[PDB]
Amino acid sequence: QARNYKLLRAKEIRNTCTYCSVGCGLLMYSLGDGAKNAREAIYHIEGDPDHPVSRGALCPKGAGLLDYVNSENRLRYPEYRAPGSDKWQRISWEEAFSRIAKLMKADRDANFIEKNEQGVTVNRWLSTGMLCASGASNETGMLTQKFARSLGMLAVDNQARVXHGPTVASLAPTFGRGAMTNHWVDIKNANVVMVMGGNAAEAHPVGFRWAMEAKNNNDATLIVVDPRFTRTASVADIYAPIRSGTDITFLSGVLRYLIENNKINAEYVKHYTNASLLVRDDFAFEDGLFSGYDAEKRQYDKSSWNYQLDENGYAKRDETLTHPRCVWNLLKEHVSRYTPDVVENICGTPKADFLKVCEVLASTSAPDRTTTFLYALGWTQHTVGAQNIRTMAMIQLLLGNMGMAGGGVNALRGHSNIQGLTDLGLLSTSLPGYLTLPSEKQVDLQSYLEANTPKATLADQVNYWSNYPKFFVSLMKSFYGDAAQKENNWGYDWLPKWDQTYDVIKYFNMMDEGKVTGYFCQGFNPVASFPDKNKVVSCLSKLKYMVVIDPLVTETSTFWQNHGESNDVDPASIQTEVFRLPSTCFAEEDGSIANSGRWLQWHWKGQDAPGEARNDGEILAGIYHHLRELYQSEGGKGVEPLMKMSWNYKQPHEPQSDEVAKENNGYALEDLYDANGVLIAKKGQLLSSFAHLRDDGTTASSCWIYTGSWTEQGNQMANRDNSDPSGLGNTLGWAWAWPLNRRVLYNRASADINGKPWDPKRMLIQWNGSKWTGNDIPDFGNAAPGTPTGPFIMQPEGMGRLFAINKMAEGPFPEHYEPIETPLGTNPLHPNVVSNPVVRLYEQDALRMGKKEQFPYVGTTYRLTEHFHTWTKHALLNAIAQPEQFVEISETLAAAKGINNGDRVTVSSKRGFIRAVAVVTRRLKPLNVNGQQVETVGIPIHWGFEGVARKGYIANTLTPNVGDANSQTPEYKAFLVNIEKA
Amino acid sequence: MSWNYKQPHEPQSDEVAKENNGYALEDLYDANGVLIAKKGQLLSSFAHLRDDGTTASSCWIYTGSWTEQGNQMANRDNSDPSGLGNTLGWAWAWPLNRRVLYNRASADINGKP
Ligand SMILES: Nc1nc2c(c(=O)[nH]1)N[C@H]1C(S)=C(S)[C@@H](COP(=O)(O)OP(=O)(O)OC[C@H]3O[C@@H](n4cnc5c(=O)[nH]c(N)nc54)[C@H](O)[C@@H]3O)O[C@H]1N2
Ligand SMILES: Nc1nc2c(c(=O)[nH]1)N[C@H]1C(S)=C(S)[C@@H](COP(=O)(O)OP(=O)(O)OC[C@H]3O[C@@H](n4cnc5c(=O)[nH]c(N)nc54)[C@H](O)[C@@H]3O)O[C@H]1N2
Ligand code: SF4
Ligand SMILES: [Mo+6]
């Protein structure tokens, strides 16, 4: 008979995939029953059938986890690379901690800035910066936030900077919050699934099962719009091509089509958006430029981008929508230039295909039909990234799809925990809970609070950010405890104050000028992931010291080592001291991570880490306690802010995940009473809602949107009830979502002004005569139907913005601008303004930009389903599935260059080159754009110089060092290259 | 002598364990007039035992072992939050789940460890 079942007596542990943001459940199997004498070893991993999103399924990345956990390239011991050396030397943990602390202290004491030139206390340290791990837990993230900020760091970013920064920059201004609005299983309710700006069948495969459920079992139409015919196109009902960098034209064309045919949800638009508000008379737009442009600073004065004010100080309105200055009529005028011929001329999308998409989208303007948009980097990674997103969001507000089951904006996050690190604020000027560090002009608490607490711009609105001071003071009580009191303004002056944002491109520009001494890379591989790799390696080489913390060997850790054409450097010329510290991976600790749907999910430890690897919090605590002890005995600069940060863990060298998770939830520091004199919480108890946070020092929380995650009822992130009573796929008992377990944001819009569902088969919330109740937790207060209170409760006007007032850097309405490296060399809509007029482009990077005479083809970079960044090439299973680097090109271009399928080619740009196998296919086809034939060369990003797959070249050797005008997110998706036979 | 078991020829372990823990024989109130236990309920601490005939316990140091919260001797939480190997959630120790006797001496006269 068959071999026996190999897991019958193994230890079974629950955990969550460590790669993308779907958050699939895992069941991991270890050799050993947990007895103290058996050292557990994970030997198989499969899916958890009870998880509501994955239901047992795992894509090739999650299914291959065993080979990542047990990779031959797992890091085992602390290693050190001496200046000008060509080899690693093994050191002890205590030597690593003491050498790093000494280097840090010397640099901090030399360059710490206590006061700025205007006399304000700013306590900031700029010569050492940090990259944080979006693949590590939320408890690691909060420890990293405390470590960084208590030292005064401002150059602190996580992957959000090169990823979904633009989403937050456009979705927050439009709807009030920057996160994905619905959740994976909810996509099954859609009537139309649009995959544009994303490739969900390859980038989020197990979450995409729900789009296949809507197509196959809800009769939905799946549409893919992309320069390439991808694996998501394989299963699509409609495929339409589009030139990289032209989404705003296509989407603005869709707005013009909807308005012109009156394919809108008119009552939704009239009440839930700002359509009826009146805009200042001085607002204008002409020939590519909005009013207020200052051509020398390349920035706009946004004074005119605002509403007209009434007598009470509120925005003026015209409910009939006939006034020439209402948002609705200015929107109509703005998009009138984007006709179907203009879309075809700029995007290259055939009019017949563009028409099919417009007609299907238009069918969801009915109240009981919805479109859901699934997108990610195809829209964010541009110099107009944020504006791409604004256009789509506007479409969803015209169709009335926000707040509906099967509707919304599913901005699919990337890393497993990029949503938690964004929530915890590991971004230059951020604090946890979407709070902001003080700017250096805000000289006291009162100024700071006033700048961050918005006044309502229409009467009768929830305007929930009016509670900013309760969140802020609670954060300060979490950080400083008894040291933060009313008398010292809750420790206000201990936080670093910023003079500007220290985004990654800027900070590498400072590193190139010799202003950066040290850098930490915690679970981030910038040699692979940052634009213009040859410049990145040059900038890192000027560092005096680098600390890498990771479970695997990365290209970044070996940037000083010669790897031939892949990394042609001279070790003897690089003086950086490099510390490589071996950390745990997802399977070797307990903790939480937040998926794309905002679900905070707990996971448990299945084995110890290999060798002398330690957990991320233990590595930060080693360095931190050595450093703070040096300050205790030698003194130095910025002593107080550093020494006042709390580190209240039972074992200070080993902070536990539950202690940190509980601090994020928050506690009552005194007994708390409601207005009726009823006890709401006792001193010492975990809080059950952010509604109980106060601004008087009686409450603490290091992450206000996380209040409710771990209460007196227990760890809600460990809840495993997959019940779905409505049949809509909403499982309120599985894990815990922020905010307050609301799974579908903006769900008051799922009903009309009288409280009646737009679609009676999809009721989310309903009015019972005194409260809202239903199949989801209401994202709303208790305003009764018929009152003026808008459903977007974080917006000061309570509405979805069609016109984004003064929030966007380049305009309150989106406008087409070409990529910095464009194949046309001009912009057919307005040749006087080719590219975004507010883009920041450093002079050194401007010299490294190419033109179409030398680099005639559009270059774009993207992912393949089988690999995750340059991480899974260290896993044998994934290396077998896609072993060797390739690039994709059309049959037409291959014939022109005499390239046969499978031949080697050389792909180059103004910054460098890569060599690879050529995949020649009809899936890529030239498009007719502005009288030219434009070809695209496709460059997957998974290969490099470390790993078990065949050695290749970093794709970022080709990409430009320029980014979105709002978040500085690099333009990785549209640039210019040349190709030659090799 | 009492032999108050549901089957007198086969006294059950839980009946005897509950007698060792002890019971409130009348409703019991603290000095502030707050109910501490109802008549018939298992006591939660020997602090609630009285000398007036309103409480019973056949083993006062065992009060807390099996309360209204259940059999504490069956608790199986091996958590050790301090790292010192103290597992207050595994089984139940006398007296009142104190695992290290004389632990006020683990600090000096001012309370410092
Ligand atoms: N398989 C796999 N999964 C991933 C990842 C991975 O490494 N491997 N990474 C995770 C991360 S961190 C992220 S943020 C996500 C992103 O996930 P996605 O953004 O979906 O994935 P990409 O492949 O980067 O890009 C999507 C598509 O953009 C198309 N495209 C190129 N330029 C343009 C253009 O300007 N407009 C339009 N409309 N489309 C364009 C590309 O051809 C590609 O099909 O993936 C996550 N999931
Ligand atoms: N050309 C081009 N460039 C891109 C993009 C693109 O489409 N085009 N996409 C961009 C985006 S959206 C992103 S997110 C990036 C990502 O690029 P990166 O995030 O730098 O790349 P990864 O290879 O995903 O690196 C993650 C590291 O985390 C380590 N990690 C795993 N778990 C832990 C842990 O528990 N703790 C620690 N300390 N380490 C851990 C892994 O070993 C791995 O080394 O690439 C970006 N760059
Ligand atoms: S990579 Fe994403 S889709 Fe694949 S198993 Fe992991 S979490 Fe699921
Ligand atoms: Mo990403």
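In this analysis, Cβ positions are derived from the backbone assuming ideal geometry, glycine residues included, and neighbour counts consider all displayed protein chains. Each answer follows from the model by the rule given with it, or from the source it names; none is laboratory data.
The number of residues in the range A:623-667 that are within 14 Å of chain B (Cβ to nearest Cβ), outside any helix (DSSP H, G or I) and of a type in the set (S, T, N, Q) comes to 3. Scanning the range A:211-229 for residues that are within 16 Å of ligand 3 (Cβ to nearest atom) and touching a strand residue (DSSP E or B) at 6+ places or on another chain (Cβ under 9 Å) turns up A:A211, A:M212. Here the range A:426-460 is the region considered, the condition is being outside any strand (DSSP E or B) and small (G, A, S), and the residue that is farthest from the chain's Cα centre (by Cα) is A:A459. Against the test of being within 16 Å of ligand 2 (Cβ to nearest atom), within 20 Å of A:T380 (Cβ to Cβ), surrounded by 23 or more Cβ atoms within 10 Å (Cβ to Cβ) and not basic (K, R), the options A:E815, A:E821 yield a single qualifying residue, A:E821. So, of the residues in the range A:868-878 that are within 14 Å of ligand 4 (Cβ to nearest atom) and closer than 18 Å to A:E72 by Cβ, which turns out to be nearest to the other protein chains (Cβ to nearest Cβ)? Filtering first and then ranking leaves A:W871. If you go through the range A:682-718 and keep only what is without any contact (Cβ under 8 Å) to a residue 40 or more places away in the chain, among the aliphatic types (A, V, I, L, M) and in a loop (DSSP other than H, G, I, E, B), you end up with just A:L687.
Of A:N158, A:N182, A:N199, A:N138, all but one fail to be more than 16 Å from ligand 2 (Cβ to nearest atom) and not aromatic (F, W, Y); the exception is A:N182.
When the range A:259-286 is filtered for residues that are of a type in the set (F, W, Y), within 18 Å of A:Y307 (Cα to Cα) and not in a loop (DSSP other than H, G, I, E, B), the ones remaining, listed by number, are A:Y272, A:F285. Remark: pairs (first residue in the range A:148-162, part of a helix (DSSP H, G or I); second residue within 16 Å of ligand 3 (Cβ to nearest atom) and among the aliphatic types (A, V, I, L, M); Cβ separation under 6 Å; 6+ apart in sequence or on different chains) = A:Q159/A:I418; A:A160/A:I418.
For A:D493, state whether it is in a helix (DSSP H, G or I), more than 16 Å from ligand 4 (Cβ to nearest atom) and in contact (Cβ under 8 Å) with a residue 24 or more places away in the chain. Spelling it out, A:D493 is indeed in a helix (DSSP H, G or I), more than 16 Å from ligand 4 (Cβ to nearest atom) and in contact (Cβ under 8 Å) with a residue 24 or more places away in the chain. Scanning the range A:369-403 for residues that are within 14 Å of ligand 2 (Cβ to nearest atom), within 22 Å of A:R743 (Cβ to Cβ) and among the aliphatic types (A, V, I, L, M) yields a single hit, A:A376. Between A:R840, A:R863, A:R801, the distinction of being within 16 Å of ligand 1 (Cβ to nearest atom) and either crowded, with 24+ Cβ neighbours inside 10 Å or more than 14 Å from chain B (Cβ to nearest Cβ) (or both) belongs to A:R863 only.
Determine which member of the set A:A386, A:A411 is within 17 Å of the chain's Cα centre (by Cα), within 26 Å of A:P831 (Cβ to Cβ), crowded, with 20+ Cβ neighbours inside 10 Å and assigned by CATH to the domain that holds A:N747. Spell out the reasoning first.
On the way: A:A411 fails: within 26 Å of A:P831 (Cβ to Cβ).
Checking each option against the conditions leaves just A:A386.
Checking every residue in the range B:42-57 against the condition of being crowded, with 17+ Cβ neighbours inside 10 Å, of a type in the set (A, V, I, L, M) and more than 14 Å from chain A (Cβ to nearest Cβ) gives at least one match.
Against the definition (within 14 Å of chain B (Cβ to nearest Cβ), surrounded by fewer than 19 Cβ atoms within 10 Å (Cβ to Cβ) and among the acidic types (D, E)), how does A:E670 come out, yes or no?
No, not satisfied.
Checking each residue in the range A:177-222 for being in a strand (DSSP E or B) and touching a helix residue (DSSP H, G or I) at 6+ places or on another chain (Cβ under 6 Å) picks out A:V192, A:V193, A:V195, A:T221, A:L222.
Residues that are within 16 Å of ligand 3 (Cβ to nearest atom) and touching a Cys at 6+ places or on another chain (Cβ under 6 Å): does the range A:37-45 have at least one? Taking every residue of the range A:37-45 in turn, none turns out to be within 16 Å of ligand 3 (Cβ to nearest atom) and touching a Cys at 6+ places or on another chain (Cβ under 6 Å).
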